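Read through the structure below, which is laid out as structure tokens, and then see the notes.
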């Protein structure tokens, strides 16, 4: 089998992407944030504290003839941005782009943190990291991809995120018309539960490529590109007037600037992030100070190849017995 679904930016900055997901019988369609940095499929629901729902579409398991409470199971998650959610668990039928999994764990939120409530466009998350990170207790549950992968034509999914435009998540096949050149594959460590790999270096604008190993994760659920302080300083030094602002929380730059590209290495291959992809707009409405899309990871503990990086590529998440990642230009 295969599946193919369009993913759409939630706003004019590409802050996140939503993909429609069918849950239950009859189908309840929710727009979920596909997140290769986490491993829970959780949704706003009829059980979510009413004051914490503000415009989201909810899953109502009592209206699904295939929903079954997973007795005794609870979940609770906290993300790298400080947000969190928790609740109980149902199993139900879940379909993405024509690919159906029966008995998928659907984690129903009883509580969500304010940042989720305040984002009416995201009805939940669909985790695509390794199932070892799934938070369901006392019996850890499998991701949608883990449940589907034996049935797929090939045990892979691909992320093709758009810049200011829709893109595509495919399951089970590699669309050879969706990229240019070849796909360069690179080793993955699953020791932390992430799609963790090592970039071979970087360049700023038309500058020379610096060969240096940068370990990080491919994370569709993170907006920005978080890299070591040395790398980030070298980038913003090429933007007149850019500075790190402790009060704002990262590098800012004059909105009148033209940003240079940023290149990252994948083996001997190179992925070029155009400068425009690094502009996240005014820090507050009407400001002429703009927020940068490349930020230091120094306070995170891990480097993160978020959407800023991934949307410059066609990305293959190869879930073979030994997983690998593939990147192509597009």
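We count from 1, first residue shown onward.
If you're wondering, the header gives X-ray crystallography, 1.1 Å.
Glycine is treated like the rest: Cβ placed from N, Cα and C.
These features come from Swiss-Prot:
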{"type": "ACT_SITE", "residues": "35", "note": "active site"}
{"type": "ACT_SITE", "residues": "199", "note": "active site"}
{"type": "DISULFID", "residues": "255-290", "note": "disulfide bond"}
{"type": "DOMAIN", "residues": "17-328", "note": "domain 'Peptidase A1'"}
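In this structure the alpha carbons, written CA, of residue 290 (disulfide bond) and residue 35 (active site) are 26 Å apart. The Cβ neighbour count for residue 290 (disulfide bond), using a 10 Å radius and every protein chain shown, is 22. When secondary structure is read from DSSP and collapsed to three states, residue 199 (active site) falls in the strand class.
Straight-line distance linking the Cα atoms of residue 35 (active site) and residue 255 (disulfide bond), rounded to a whole number, equals 30 Å.
Taking CA atoms as the reference points, residue 255 (disulfide bond) and residue 199 (active site) are 30 Å apart. For residue 199 (active site), applying a Cβ distance below 8 Å and a minimum sequence separation of six or more within one chain yields 213, 214, 215, 216, 264, 265, 266, 305.
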